[PDB]
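Chemist: My questions all concern the structure below.
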Amino acid sequence: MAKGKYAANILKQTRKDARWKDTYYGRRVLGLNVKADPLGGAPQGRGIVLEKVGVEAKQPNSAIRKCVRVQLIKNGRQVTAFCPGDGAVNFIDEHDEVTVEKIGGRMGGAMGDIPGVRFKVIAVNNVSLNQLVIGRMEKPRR
Amino acid sequence: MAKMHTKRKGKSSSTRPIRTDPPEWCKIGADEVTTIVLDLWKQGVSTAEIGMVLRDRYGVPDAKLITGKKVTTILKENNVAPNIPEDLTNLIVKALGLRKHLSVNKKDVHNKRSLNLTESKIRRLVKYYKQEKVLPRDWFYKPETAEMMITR
Amino acid sequence: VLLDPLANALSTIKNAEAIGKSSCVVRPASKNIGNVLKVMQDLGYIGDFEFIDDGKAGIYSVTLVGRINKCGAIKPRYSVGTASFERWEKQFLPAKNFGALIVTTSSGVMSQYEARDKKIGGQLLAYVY
RNA sequence: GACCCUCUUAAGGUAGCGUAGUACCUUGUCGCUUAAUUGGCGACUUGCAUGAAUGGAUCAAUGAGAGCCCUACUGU
RNA sequence: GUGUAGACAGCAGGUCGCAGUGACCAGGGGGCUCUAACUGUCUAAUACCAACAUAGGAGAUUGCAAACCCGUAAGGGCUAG
RNA sequence: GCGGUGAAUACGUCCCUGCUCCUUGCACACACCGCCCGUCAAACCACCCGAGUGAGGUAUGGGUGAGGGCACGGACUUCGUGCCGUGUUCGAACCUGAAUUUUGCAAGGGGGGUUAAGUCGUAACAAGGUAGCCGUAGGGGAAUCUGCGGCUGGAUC
RNA sequence: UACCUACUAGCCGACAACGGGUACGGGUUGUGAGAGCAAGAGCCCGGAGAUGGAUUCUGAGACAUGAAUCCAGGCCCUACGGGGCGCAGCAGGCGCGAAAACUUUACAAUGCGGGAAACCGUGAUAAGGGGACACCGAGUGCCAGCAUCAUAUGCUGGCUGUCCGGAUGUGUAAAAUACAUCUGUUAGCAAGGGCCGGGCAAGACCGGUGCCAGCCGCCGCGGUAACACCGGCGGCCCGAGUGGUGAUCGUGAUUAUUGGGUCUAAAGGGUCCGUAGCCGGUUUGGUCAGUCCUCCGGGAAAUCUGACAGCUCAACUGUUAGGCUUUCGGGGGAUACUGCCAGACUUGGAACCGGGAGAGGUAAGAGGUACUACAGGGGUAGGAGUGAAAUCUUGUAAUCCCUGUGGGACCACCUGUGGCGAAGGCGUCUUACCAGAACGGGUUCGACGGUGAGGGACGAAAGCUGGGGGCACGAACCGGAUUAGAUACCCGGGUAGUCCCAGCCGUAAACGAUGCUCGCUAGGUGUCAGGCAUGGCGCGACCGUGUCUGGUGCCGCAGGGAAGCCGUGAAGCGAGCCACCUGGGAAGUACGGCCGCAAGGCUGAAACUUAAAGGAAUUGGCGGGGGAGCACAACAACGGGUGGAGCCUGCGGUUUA
Ligand SMILES: [Mg+2]
Ligand SMILES: [Mg+2]
Ligand SMILES: [Mg+2]
Ligand SMILES: [Mg+2]
Ligand SMILES: [Mg+2]
Ligand SMILES: [Mg+2]
Ligand SMILES: [Mg+2]
Ligand SMILES: [Mg+2]
């Protein structure tokens with residue numbers, strides 16, 4: 001932050017160091033987001049459902065949130081996936097092929113009163129779980 | 001402004017008036033003042049108080065106004081100047097005395113800092129003078145060997 | 001240490017305008033200071049100015065006629081061409097044909113309107129309005 | 001099993017270390033080592049019967065000291 | 001090439017054998033623990049050790065006609081301290 | 001509700017207990033029945049150390065070393081981009097010690113977080129009941145405690 | 001040096017070498033008002049690669065995508081003696097995954113090699129097929145009259161063919177679309193997608209469910225009246241599109257040169273000295289390198305902008321005027337500006353002298369009082385301490401008093417909203433040594449200056465190492481109380497330590513929570529040093545008021561801040577340099593590194609978790625703050641009784657249909 005005429009180098013250096021204090025630019029250049037998330041920048045995924053858990057909600061609210069436990073096939077990463085909609089666990093069971101996607105909440109992380117769950121189901125056996133929840137599609141016997 | 005190593009600013013300047021001419025109320029001449037300067041220099045009196053004794057006992061308002069030359073200009077003209085400037089010699093003399101004192105009082109850290117400040121002033125004077133060719137390029141201020149009173 | 005006399009003079013003029021003082025003294029005068037004061041006088045923003053020598057760099061007894069709003073130096077003194085004045089004008093100035101930028105040029109020091117008339121650019125010096 | 005009290009003829013073992021060169025139960029239980037190990041090392045340790053100059057823990061270097069393992073070697 | 005010199009160091013090419021420190025001479029190496037710090041000393045004739053000693057640490061007595069010790073005594077060691 | 005009879009005490013102060021008002025303090029707003037810290041255990045999650053135990057990359061010396069290229073020598077043929085040999089040259093592949101780097105597993109240990117209607121205290125918030133915070137050192141189940149300097153970001157004097 | 005030889009001892013790097021991470025480079029693309037910021041798959045330019053790797057033939061040219069050779073690696077045809085192959089060429093297949101087409105057509109054109117030519121080949125190219133690629137253009141309706149609940153199907157009236165189907169020709173290599181006439185339609189075949197509590201445009205309409213099902217980017221909903229959630233009803237926005245999750249730009253001046261903050265919210269480094277860097281006084285003389293105007297060589301097209309021309313409008317192709325390409329090489333003019341050259345100038349800093357000020361520093365010594373140790377004299381039942389106690393201490397005579405001799409620490413009042421010091425910090429006195437300051441100065445110097453990442457010294461207290469000392473104080477420790485407990489506050493002992501001598505660590509709320517330098521900006525107001533006028537003063541050593549300069553405090557206008565506030569001693573207005581912060585935890589933690597004897601200091605993440613944390617201010621409640629006041633649901637002073645005994649009734653719980 002030198003205001004002299006022949007002081008572009010100092011301003012460039014001090015802007016270079018101060019940029020790192022931002023979380024977003026440093027995490028982008030360091031590649032923490034690619035290294036961390038199971039999908040690796042893939043917008044959705046495909047994992048084998050293993051166990052189904054109706055995980056509880058936050059402290060003020062009170063509810064049970066149906067969350068399958070799914071292991072990815074692209075990477076073999078074990079995570080937890082929240083299945084939305086009424087009758088959510090009715091259209092999904094153990095050992096399925098289900099597309100998964102990020103829950104799209106706070107900072108890309110877990111959304112709402114669901115603690116510790118960041119992934120959500122979007123389709124079971126390559127068909128839309130939203131339409132199964134609505135009632136315009138039927139669960140394949142596969 | 002603030003001082004060199006203490007930030008205590010001060011304004012005890014010696015207010016010299018706007019005089020573009022020599023005195024009109026004094027009968028002193030350029031030859032008289034230059035003879036007085038040379039005699040006082042040969043006595044062993046430094047240039048800071050040569051002008052002071054000119055201005056006090058002879059009432060000489062300024063040597064440059066009358067003679068057209070300052071004290072050191074007259075010194076260089078007559079080959080009656082030292083090889084080292086008086087400010088650098090004074091700083092080196094004070095530093096040598098302070099080092100002599102500090103070689104027996106090793107707890108006197110405040111005067112160690114005072115010695116460091118005077119060393120900084122000495123290196124500043126040497127850098128300015130080597131910038132302006134008063135002193136040789138290869139003669140660096142050695143604080144242990146090449147710092148004597150008359151350097152040769 | 002004193003190391004920007006033109007900016008110091010314009011800051012003093014800014015202070016004197018802000019208090020509304022008709023007159024104010026200018027700390028040590030310079031040739032570019034006199035050129036800026038002459039061009040500002042021809043702009044009508046500043047009334048009068050005299051170099052009163054003091055056996056020193058010299059000072060000014062400037063009579064502020066109450067016509068300006070703020071005036072400081074341009075740091076850095078940017079190089080400017082004939083096709084590069086409008087961005088500085090949009091930055092410093094408040095409005096089109098309102099206030100002028102003091103420019104230093106090989107022809108002479110002058111506001112950028114007359115520099116654009118001259119078709120010669122150079123270094124920005126200051127701004128007054 | 002982090003508390004009121006004990007058992008208190010002075011005191012109730014602190015730091016550490018712990019199946020030890022000390023540990024009866026005992027070839028204690030778990031991991032590495034092996035096809036297989038009453039062994040070696042690491043960890044746990046309710047310590048029959050550890051513990052601070054009755055010195056405690058730990059230690060580079062040194063050792064014809066005492067165990068175990070790998071490679072090389074070989075009529076062991 | 002260095003050196004005064006003895007000698008030492010180095011380079012190019014050729015060539016033999018299974019093998020060129022050709023015999024003699026001449027460390028096998030490494031990792032993890034226990035124990036003692038180390039060099040040293042030790043049961044001459046079954047124990048060369050982890051034992052003894054060691055520097056280091058700490059404690060105690062004594063101001064010299066002392067503390068400690070020898071002698072029956074004369075008088076002595078420590079102490080030409 | 002009424003009547004008979006008939007007494008001590010206090011010519012009060014706000015100390016006790018409620019309560020009212022102005023000011024100061026406040027981490028309190030469901031307003032002190034407030035908020036609130038740490039250990040301990042239990043469930044779960046992510047992580048770190050871990051004696052160990054693998055896998056992969058880069059580079060390095062070295063090794064064994066396919067194949068090819070020129071040199072030279074020797075023979076067979078249509079007298080050689082052939083053959084044998086030799087020397088030289090480039091050299092893949094594989095093996096190996098260190099170096100470097102990326103990650104899987106691991107008995108056990110660690111602190112972090114988060115969920116009970118957990119247990120234990122009450123450390124801070126008012127002068128939070130011993131003012132607190134800061135550095136440092138010691139002690140204790142745990143908040144924390146004491147000592148030293150410092151500050152006031154502390155009320156009342 | 002590409003290799004070899006003799007020789008020299010260099011070369012690159014702290015202005016980032018070497019290494020790690022990542023990546024085909026640019027033309028450009030994304031986005032924004034712009035400065036910028038982010039990516040550079042496709043079209044063109046250059047680069048490299050052919051399973052990984054090495055080697056080689058052929059040729060003008062290769063280490064060849066349709067050449068070989070061998071090794072690794074996988075696969076393959078065999079009559080088992082052997083022989084091939086690698087689609088990062090075009091379609092296609094397996095695998096892979098969130099992740100993408102036809103094994104169509106033709107040399108007709110544009111190119112290329114071949115030929116002398118005629119011409120042949122061409123998965124180059126063109127032509128299509130398929131894929132909610134990007135853009136652009138259209139339509140599913142139109143429509144008079146008439147009716148309710150104001151736009152829905154009505155009743156009716158006709159009318160058009162952009163679409164869809166057909167005919168026919170233009171047409172292309174031949175297709176197809178497109179294209180023209182005709183004509184097929186009861187205008188019927190051709191609309192969906194999200195969402196409805198807020199942010200945000202849309203329903204406080206009716207049943208369901210009951211902290212459950214669910215919603216929810218965030219906020220927030222539901223444990224009984226859900227505009228919130230499910231169907232409905234209705235409504236809303238968009239439009240052959242419409243959403244979701246990343247990403248990325250903008251939002252966001254949330255990376256800030258433009259353009260941010262850093263007293264109390266995250267953030268000034270403990271102070272300071274100081275290199276590279278960076279910033280720099282007025283001034284004469286000379287140059288013209290940055291700079292400036294201009295010229296000439298460039299900066300491929302493509303994409304960008306506008307128009308014209310031509311595709312029906314459109315995007316699109318050509319011409320053209322601009323843009324980008326940039327921020328190159330070289331000439332002429334100018335000399336303000338800055339950098340270069342040589343002086344000067346006195347104010348900035350530097351140097352010297354004068355009378356004064358100062359708990360400024362080291363070194364030495366002496367001193368003040370208290371305390372304490374022992375001893376002596378007197379005296380005799382307790383002293384000490386507490387909220388109250390006890391330990392403790394005392395009959396071995398303490399406490400208290402008197403005398404005397406040693407001891408170590410400690411420097412009171414004086415003392416100040418005083419002073420000196422870089423900060424830390426410094427209070428007995430004397431002396432020696434040293435240093436800075438302000439003040440006075442027709443004194444010497446001539447810009448010699450500011451700041452300053454790295455780096456260096458100083459650095460409170462605690463702690464550590466070695467030697468001393470130990471009166472007092474006093475972590476630990478022990479004991480006595482307090483309490484439910486007390487490992488605490490209280491009290492009795494008291495070790496290390498505080499002190500000194502020689503070193504180390506290097507941190508504090510090291511604070512003014514305000515880095516340092518300069519100019520500038522109303523005032524009123526203590527006091528301190530110096531200087532200076534004057535009145536008094538034993539008209540002297542001295543003390544008063546005024547005034548300039550430099551400090552040291554309070555008050556406060558303008559100014560600014562979110563405010564508390566700051567306010568010539570800025571947090572005001574400009575100049576310069578540096579340090580520092582970028583939502584709250586995890587965390588000043590882990591790993592690596594340096595530093596230290598150690599404790600530790602320095603550097604410093606990530607996973608994960610979370611919607612706030614936080615700052616000033618304010619209205620109340622509240623306190624074991626303060627002040628004021630009041631009342632037998634307070635107190636004092638009183639009188640009685642309930643509580644005791646029996647009965648009566650009411651509440652709880654046992655029983656109970
Ligand atoms: Mg064995
Ligand atoms: Mg030994
Ligand atoms: Mg021994
Ligand atoms: Mg692990
Ligand atoms: Mg304690
Ligand atoms: Mg302090
Ligand atoms: Mg100290
Ligand atoms: Mg500070």
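Just so we're on the same page: first chain in the structure tokens is A, next is B, and so on; residues restart at 1 for each chain, and ligands are numbered from 1 in the order they show up.
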Residues within 10 Å of ligand 1 should be enumerated using only C-alpha atoms (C1' of nucleotides) and all ligand atoms and returned as a PyMOL selection string.

Modeler: chain D and resi 37+39-40+68

Chemist: Could you give me, as a PyMOL selection string, every polymer residue with an atom at most 9 Å away from an atom of ligand 7, counting only C-alpha atoms (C1' of nucleotides) and all ligand atoms?

Modeler: chain G and resi 460-462+498

Chemist: Those selected residues, please, written with N, CA and C atoms (P, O5', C5', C4', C3', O3' and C1' of nucleotides) and delivered as a PDB file, in the first residue's frame.

Modeler:
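The new file selection-v7.pdb reads:
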ATOM      1  P     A G 460      12.923  -6.769  31.264  1.00  0.00           P
ATOM      2  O5'   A G 460      12.197  -6.232  32.568  1.00  0.00           O
ATOM      3  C5'   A G 460      11.779  -4.882  32.657  1.00  0.00           C
ATOM      4  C4'   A G 460      10.479  -4.770  33.403  1.00  0.00           C
ATOM      5  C3'   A G 460      10.201  -5.863  34.416  1.00  0.00           C
ATOM      6  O3'   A G 460      10.893  -5.668  35.633  1.00  0.00           O
ATOM      7  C1'   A G 460       8.257  -5.442  33.136  1.00  0.00           C
ATOM      8  P     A G 461      11.563  -6.914  36.384  1.00  0.00           P
ATOM      9  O5'   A G 461      10.345  -7.896  36.643  1.00  0.00           O
ATOM     10  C5'   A G 461       9.374  -7.600  37.631  1.00  0.00           C
ATOM     11  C4'   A G 461       8.291  -8.644  37.653  1.00  0.00           C
ATOM     12  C3'   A G 461       8.765 -10.083  37.752  1.00  0.00           C
ATOM     13  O3'   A G 461       9.059 -10.464  39.084  1.00  0.00           O
ATOM     14  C1'   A G 461       7.158  -9.900  36.033  1.00  0.00           C
ATOM     15  P     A G 462      10.027 -11.709  39.379  1.00  0.00           P
ATOM     16  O5'   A G 462       9.229 -12.952  38.796  1.00  0.00           O
ATOM     17  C5'   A G 462       7.990 -13.351  39.360  1.00  0.00           C
ATOM     18  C4'   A G 462       7.319 -14.394  38.507  1.00  0.00           C
ATOM     19  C3'   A G 462       8.136 -15.643  38.237  1.00  0.00           C
ATOM     20  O3'   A G 462       8.079 -16.580  39.295  1.00  0.00           O
ATOM     21  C1'   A G 462       7.275 -14.837  36.209  1.00  0.00           C
ATOM     22  P     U G 498      14.470 -14.670  42.244  1.00  0.00           P
ATOM     23  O5'   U G 498      13.768 -13.436  42.961  1.00  0.00           O
ATOM     24  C5'   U G 498      12.643 -12.796  42.377  1.00  0.00           C
ATOM     25  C4'   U G 498      11.991 -11.840  43.344  1.00  0.00           C
ATOM     26  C3'   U G 498      12.896 -10.758  43.905  1.00  0.00           C
ATOM     27  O3'   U G 498      12.982  -9.638  43.044  1.00  0.00           O
ATOM     28  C1'   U G 498      11.695 -11.789  45.667  1.00  0.00           C
TER      29        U G 498
END

Chemist: Between A:4, A:36, A:102, A:42, which residue has the minimum interatomic distance to chain C, considering only C-alpha atoms?

Modeler: A:4

Chemist: Restrict the distance test to only C-alpha atoms, flag each residue of chain C within 9 Å of chain A, and return the flagged residues as a ChimeraX atom specification.

Modeler: /C:75-78

Chemist: Could you write out that same residue set with N, CA and C atoms as a PDB file, in the first residue's frame?

Modeler:
ATOM      1  N   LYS C  75      -1.542  12.754  -6.897  1.00  0.00           N
ATOM      2  CA  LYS C  75      -0.466  11.818  -6.610  1.00  0.00           C
ATOM      3  C   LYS C  75      -0.934  10.409  -6.939  1.00  0.00           C
ATOM      4  N   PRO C  76      -0.233   9.685  -7.811  1.00  0.00           N
ATOM      5  CA  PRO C  76       0.991  10.095  -8.509  1.00  0.00           C
ATOM      6  C   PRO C  76       0.705  11.096  -9.625  1.00  0.00           C
ATOM      7  N   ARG C  77       1.685  11.885 -10.061  1.00  0.00           N
ATOM      8  CA  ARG C  77       1.473  12.739 -11.220  1.00  0.00           C
ATOM      9  C   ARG C  77       1.399  11.854 -12.452  1.00  0.00           C
ATOM     10  N   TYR C  78       0.188  11.476 -12.844  1.00  0.00           N
ATOM     11  CA  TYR C  78       0.019  10.525 -13.929  1.00  0.00           C
ATOM     12  C   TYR C  78       0.412  11.133 -15.268  1.00  0.00           C
TER      13      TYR C  78
END

Chemist: I'd like the contact shell of residue 113 in chain A - 9 Å cut-off, only C-alpha atoms (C1' of nucleotides), skipping same-chain residues fewer than 2 positions apart - returned as a PDB file with N, CA, C and O atoms (P, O5', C5', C4', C3', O3' and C1' of nucleotides), in the first residue's frame.

Modeler:
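Saved as around-v6.pdb:
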ATOM      1  N   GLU A  56     -32.619 -37.479  13.069  1.00  0.00           N
ATOM      2  CA  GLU A  56     -33.389 -36.457  13.757  1.00  0.00           C
ATOM      3  C   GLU A  56     -33.039 -35.060  13.250  1.00  0.00           C
ATOM      4  O   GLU A  56     -32.017 -34.839  12.596  1.00  0.00           O
ATOM      5  N   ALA A  57     -33.920 -34.112  13.559  1.00  0.00           N
ATOM      6  CA  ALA A  57     -33.789 -32.726  13.139  1.00  0.00           C
ATOM      7  C   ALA A  57     -33.096 -31.904  14.227  1.00  0.00           C
ATOM      8  O   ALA A  57     -32.493 -32.440  15.160  1.00  0.00           O
ATOM      9  N   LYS A  58     -33.183 -30.582  14.112  1.00  0.00           N
ATOM     10  CA  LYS A  58     -32.467 -29.669  14.993  1.00  0.00           C
ATOM     11  C   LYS A  58     -33.125 -29.625  16.372  1.00  0.00           C
ATOM     12  O   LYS A  58     -34.047 -30.382  16.689  1.00  0.00           O
ATOM     13  N   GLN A  59     -32.641 -28.708  17.209  1.00  0.00           N
ATOM     14  CA  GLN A  59     -33.055 -28.547  18.597  1.00  0.00           C
ATOM     15  C   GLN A  59     -34.422 -27.876  18.734  1.00  0.00           C
ATOM     16  O   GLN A  59     -35.292 -28.429  19.419  1.00  0.00           O
ATOM     17  N   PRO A  60     -34.667 -26.680  18.131  1.00  0.00           N
ATOM     18  CA  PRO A  60     -36.011 -26.086  18.239  1.00  0.00           C
ATOM     19  C   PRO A  60     -37.077 -26.895  17.512  1.00  0.00           C
ATOM     20  O   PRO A  60     -38.131 -27.199  18.078  1.00  0.00           O
ATOM     21  N   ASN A  61     -36.811 -27.250  16.258  1.00  0.00           N
ATOM     22  CA  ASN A  61     -37.713 -28.118  15.522  1.00  0.00           C
ATOM     23  C   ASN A  61     -37.686 -29.525  16.112  1.00  0.00           C
ATOM     24  O   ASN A  61     -36.836 -29.870  16.936  1.00  0.00           O
ATOM     25  N   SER A  62     -38.633 -30.348  15.674  1.00  0.00           N
ATOM     26  CA  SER A  62     -38.673 -31.747  16.082  1.00  0.00           C
ATOM     27  C   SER A  62     -39.232 -32.557  14.928  1.00  0.00           C
ATOM     28  O   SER A  62     -40.347 -32.289  14.472  1.00  0.00           O
ATOM     29  N   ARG A  65     -35.859 -37.147   9.865  1.00  0.00           N
ATOM     30  CA  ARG A  65     -35.514 -36.923   8.468  1.00  0.00           C
ATOM     31  C   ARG A  65     -34.933 -38.210   7.902  1.00  0.00           C
ATOM     32  O   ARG A  65     -33.898 -38.690   8.378  1.00  0.00           O
ATOM     33  N   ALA A 110     -24.529 -28.635   4.635  1.00  0.00           N
ATOM     34  CA  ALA A 110     -25.793 -29.189   5.102  1.00  0.00           C
ATOM     35  C   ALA A 110     -26.843 -28.096   5.235  1.00  0.00           C
ATOM     36  O   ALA A 110     -26.550 -26.975   5.658  1.00  0.00           O
ATOM     37  N   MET A 111     -28.075 -28.433   4.871  1.00  0.00           N
ATOM     38  CA  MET A 111     -29.165 -27.475   4.807  1.00  0.00           C
ATOM     39  C   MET A 111     -30.190 -27.760   5.894  1.00  0.00           C
ATOM     40  O   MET A 111     -30.493 -28.921   6.187  1.00  0.00           O
ATOM     41  N   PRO A 115     -28.528 -32.395  10.771  1.00  0.00           N
ATOM     42  CA  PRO A 115     -27.129 -32.291  11.198  1.00  0.00           C
ATOM     43  C   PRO A 115     -26.241 -33.381  10.619  1.00  0.00           C
ATOM     44  O   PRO A 115     -26.555 -34.570  10.722  1.00  0.00           O
TER      45      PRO A 115
ATOM     46  P     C G 216     -38.545 -27.425   0.135  1.00  0.00           P
ATOM     47  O5'   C G 216     -37.843 -26.393   1.119  1.00  0.00           O
ATOM     48  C5'   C G 216     -38.406 -25.110   1.335  1.00  0.00           C
ATOM     49  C4'   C G 216     -37.720 -24.385   2.463  1.00  0.00           C
ATOM     50  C3'   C G 216     -36.206 -24.321   2.395  1.00  0.00           C
ATOM     51  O3'   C G 216     -35.729 -23.345   1.491  1.00  0.00           O
ATOM     52  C1'   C G 216     -36.853 -24.927   4.569  1.00  0.00           C
TER      53        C G 216
END

Chemist: Hey, which residues sit close to ligand 3? Say within 8 Å, counting only C-alpha atoms (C1' of nucleotides) and all ligand atoms, and write them as number ranges by chain.

Modeler: E: 51-53

Chemist: I need the residues from that last selection saved to file as a PDB file, in the first residue's frame (with C-alpha atoms (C1' of nucleotides)), if you can.

Modeler:
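What ended up in selection.pdb:
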ATOM      1  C1'   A E  51      28.734 -56.257  39.831  1.00  0.00           C
ATOM      2  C1'   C E  52      33.228 -52.565  41.573  1.00  0.00           C
ATOM      3  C1'   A E  53      35.309 -47.689  40.348  1.00  0.00           C
TER       4        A E  53
END

Chemist: Quick one: pick out all alpha helix (DSSP H) residues within range 47-141 of chain A from a backbone DSSP run and write them as a ChimeraX atom specification.

Modeler: /A:129-134

Chemist: Mind dumping the selected residues with C-alpha atoms as a PDB file, in the first residue's frame?

Modeler:
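Generated output (selection-v6.pdb):
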ATOM      1  CA  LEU A 129     -37.278 -39.701  -7.110  1.00  0.00           C
ATOM      2  CA  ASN A 130     -39.181 -36.401  -7.261  1.00  0.00           C
ATOM      3  CA  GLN A 131     -41.725 -37.953  -9.639  1.00  0.00           C
ATOM      4  CA  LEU A 132     -41.967 -41.054  -7.446  1.00  0.00           C
ATOM      5  CA  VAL A 133     -42.710 -38.756  -4.507  1.00  0.00           C
ATOM      6  CA  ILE A 134     -45.302 -36.927  -6.617  1.00  0.00           C
TER       7      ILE A 134
END

Chemist: Could I get the residue neighbourhood of ligand 2 at 12 Å, counting only C-alpha atoms (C1' of nucleotides) and all ligand atoms, as a PyMOL selection string?

Modeler: (chain D and resi 62-63+65) or (chain E and resi 35-41+48-54)

Chemist: Residues at most 9 Å from residue 71 in chain B, counting only C-alpha atoms (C1' of nucleotides), excluding those fewer than 3 positions away in the same chain, as number ranges by chain?

Modeler: B: 34, 37, 47-48, 50-51, 63-64, 74-76; G: 444

Chemist: Let me see if you get this right: every residue at most 6 Å from ligand 5, counting only C-alpha atoms (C1' of nucleotides) and all ligand atoms, written as a PyMOL selection string.

Modeler: chain F and resi 139+145-146

Chemist: Using only C-alpha atoms (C1' of nucleotides) and all ligand atoms, find each protein or nucleic acid residue lying at most 10 Å from ligand 6; present the set as a PyMOL selection string.

Modeler: (chain F and resi 149-151) or (chain G and resi 423-425+460+508-511)

Chemist: Can I get the selected residues back with C-alpha atoms (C1' of nucleotides), as a PDB file, in the first residue's frame?

Modeler:
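Result went into out_1.pdb, see below:
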ATOM      1  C1'   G F 149       4.476  -7.718  38.047  1.00  0.00           C
ATOM      2  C1'   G F 150       0.748  -4.967  34.998  1.00  0.00           C
ATOM      3  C1'   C F 151      -3.557  -2.886  33.422  1.00  0.00           C
TER       4        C F 151
ATOM      5  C1'   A G 423      10.126   1.644  25.491  1.00  0.00           C
ATOM      6  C1'   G G 424      10.709  -1.601  29.664  1.00  0.00           C
ATOM      7  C1'   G G 425      11.317   2.007  33.410  1.00  0.00           C
ATOM      8  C1'   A G 460       8.257  -5.442  33.136  1.00  0.00           C
ATOM      9  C1'   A G 508       2.217  -8.791  29.168  1.00  0.00           C
ATOM     10  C1'   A G 509      -4.326  -5.369  29.209  1.00  0.00           C
ATOM     11  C1'   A G 510       4.582  -4.348  27.012  1.00  0.00           C
ATOM     12  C1'   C G 511      -2.220   0.444  26.788  1.00  0.00           C
TER      13        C G 511
END

Chemist: Would you mind listing the residues within 9 Å of ligand 4, counting only C-alpha atoms (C1' of nucleotides) and all ligand atoms, as a list in words?

Modeler: residues 47, 48, 49, 50, 105 and 106 of chain F

Chemist: DSSP on the backbone, strand (DSSP E) only: what residues of range 89-120 of chain C does that give? Format it as an mmCIF file with C-alpha atoms, in the first residue's frame.

Modeler:
data_model
loop_
_atom_site.group_PDB
_atom_site.id
_atom_site.type_symbol
_atom_site.label_atom_id
_atom_site.label_comp_id
_atom_site.auth_asym_id
_atom_site.auth_seq_id
_atom_site.Cartn_x
_atom_site.Cartn_y
_atom_site.Cartn_z
ATOM 1 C CA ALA C 100 -10.181 21.916 -13.783
ATOM 2 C CA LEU C 101 -7.133 19.693 -13.431
ATOM 3 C CA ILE C 102 -3.760 21.408 -13.157
ATOM 4 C CA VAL C 103 -1.500 19.860 -15.802
ATOM 5 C CA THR C 104 2.243 20.215 -16.340
ATOM 6 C CA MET C 110 -2.324 24.761 -17.405
ATOM 7 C CA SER C 111 -5.775 23.296 -16.915
#

Chemist: Could you please select, counting only C-alpha atoms (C1' of nucleotides), the residues of chain G within 7 Å of chain A and state them as a ChimeraX atom specification?

Modeler: /G:98,211,213-214,216-217,245-246,255,278-279,582

Chemist: Take the residues that were just selected and, keeping C-alpha atoms (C1' of nucleotides), output them as a PDB file, in the first residue's frame.

Modeler:
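Saved as part.pdb:
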ATOM      1  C1'   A G  98     -22.797 -36.923 -14.039  1.00  0.00           C
ATOM      2  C1'   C G 211     -42.879 -31.122  17.208  1.00  0.00           C
ATOM      3  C1'   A G 213     -45.778 -36.847   8.048  1.00  0.00           C
ATOM      4  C1'   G G 214     -43.026 -32.664   5.577  1.00  0.00           C
ATOM      5  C1'   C G 216     -36.853 -24.927   4.569  1.00  0.00           C
ATOM      6  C1'   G G 217     -30.580 -21.449  -0.227  1.00  0.00           C
ATOM      7  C1'   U G 245     -26.205 -28.765  -7.776  1.00  0.00           C
ATOM      8  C1'   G G 246     -21.330 -27.255  -8.549  1.00  0.00           C
ATOM      9  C1'   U G 255      -9.113  -8.031  -1.736  1.00  0.00           C
ATOM     10  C1'   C G 278       9.963   3.370  -1.525  1.00  0.00           C
ATOM     11  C1'   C G 279       9.125   8.792  -0.630  1.00  0.00           C
ATOM     12  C1'   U G 582     -10.939  -9.995   5.872  1.00  0.00           C
TER      13        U G 582
END

Chemist: Using only C-alpha atoms (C1' of nucleotides) and all ligand atoms, which residues of the polymer chains come no farther than 7 Å from ligand 8? I'd like the answer as an NGL selection string.

Modeler: :G and (268 or 270 or 515)

Chemist: Could you name the residues that touch residue 359 in chain G at 9 Å or less, counting only C-alpha atoms (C1' of nucleotides), but leaving out those on the same chain fewer than 5 positions away, as number ranges by chain?

Modeler: G: 419-420, 426-427
